[PDB]
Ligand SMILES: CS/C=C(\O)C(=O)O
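Just the one chain here, the form solved without the named molecule, laid out as structure tokens.
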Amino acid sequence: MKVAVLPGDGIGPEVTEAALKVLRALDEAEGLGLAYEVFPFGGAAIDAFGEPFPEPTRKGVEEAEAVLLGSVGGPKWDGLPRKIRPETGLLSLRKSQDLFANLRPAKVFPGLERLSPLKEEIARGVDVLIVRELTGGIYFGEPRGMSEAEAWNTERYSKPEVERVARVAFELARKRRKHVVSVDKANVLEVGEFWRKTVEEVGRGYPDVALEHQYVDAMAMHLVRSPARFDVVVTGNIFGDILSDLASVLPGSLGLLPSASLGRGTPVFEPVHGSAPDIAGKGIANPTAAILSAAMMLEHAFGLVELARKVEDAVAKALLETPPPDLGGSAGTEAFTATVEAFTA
């Protein structure tokens, strides 16, 4: 259990420090032998090494079994050359560890439906996992350029690119409700066809898992009308963006969402929220996604699924019991974390 902690900027340290407080308490109670070391990353690393992902930090993650990420970015670095911008650092961490799967869970915990924008009956039972490809797609496709009267961007996918993500999706589904849904736009684009036949072809090795294809727009609507029926949803870069964001609102607020990026290298877990610079050091940040990030870390990086599910509910309990500001409450970072540590400990 060697974890490389990278607090980052803004509320990163506030919230990551909360997750570590929950980790250390589980460590004491069941003695998993946690071991962690924080490393400068993001804007911090810049203000100290002129680079967002300095070698010491680069070497820190390589040697760890998992990485616990905080927030990244802010005003102090917007005016810097994209080459070393805080965000391009996230890119180098993903590229360096060949992480290509982005796991974004959207779940409604029993007794919390009321917080959802959807009807109690529609929201009840939601538990979907959008698996998104992080390396390919339109975001990186070339050629890409601008002009006085024309703009172009190409969406391109390789065979090996699609196989892995698809394999992660199935593997993942095998451990859950065994239903995978591949989402594309094969009815119009060649890339969707390609994707479809490829996934189709890789799903052969997983007969025990039910594969179902859908178009992105059809899915856009199925995820609001019947979100409770899905399990694992695998899709491309941009589509995974549009779809993870959409699903992320089904539980209520955005600061409730963890994330993991799986690949061949060291796995990365991080909240899906930003630095929120202005509210830093104000004790009002919600560590929910941070803790939830440490739970996904426990289950997908260490296998402690029984334990991850343990902190998950302790968090659910706390959100209902003593809700934080952003969810209509007075419980600040410190307080909230107290309620959670209480149960997990």
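For every residue, the number given is its place in the sequence shown, counted from 1.
For the pair 296-304 and 274-282, the record assigns the higher mean C-alpha temperature factor to 274-282. Taking the PDB entry as given, 157-165 carries the higher mean Cα B factor of the two stretches 157-165 and 262-270.
Looking only at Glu120, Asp217, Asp245, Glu133, the residue with the top Cα B factor in the deposited structure is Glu120. Compared with the other modelled residues of the chain, the Cα B-factor recorded for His222 ranks in the lowest third. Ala48: CA B factor in the highest third of modelled residues in this chain (values from the PDB entry).
Split the chain's modelled residues into thirds by C-alpha temperature factor. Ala342 is in the middle one. Sort the modelled residues of the chain by CA B factor and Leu90 lands in the middle third. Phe140: CA B factor in the highest third of modelled residues in this chain (values from the PDB entry).
Although it is not shown, the form deposited with the named molecule bound is what the next lines describe.
Shown here without its ligand, the chain is overlaid with the named molecule as it sits in the bound PDB entry; no ligand atom lies within 2.4 Å of a backbone or C-beta atom, and the site is open. None of the heavy atoms of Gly236 is located within 4.5 Å of the named molecule in the bound PDB entry. The named molecule is not drawn, but in the bound PDB entry it has no heavy atom within 4.5 Å of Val108. Remark: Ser259 counts among the residues lining the named molecule in the bound PDB entry, judged by a heavy atom distance of 4.5 Å or less. By the criterion of a heavy atom within 4.5 Å, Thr266 is excluded from the residues contacting the named molecule in the bound PDB entry. Checking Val181, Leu134, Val128, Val162 against the named molecule in the bound PDB entry, a heavy atom within 4.5 Å turns up for just one residue: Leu134. Residue in contact with the named molecule in the bound PDB entry (any heavy atom within 4.5 Å), chosen from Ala220, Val272, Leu112, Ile138: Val272.
The partner is not drawn, yet in the bound PDB entry one stretch among 114-122, 152-160, 94-102, 202-210 has residues with heavy atoms inside 4.5 Å of the named molecule: 94-102.
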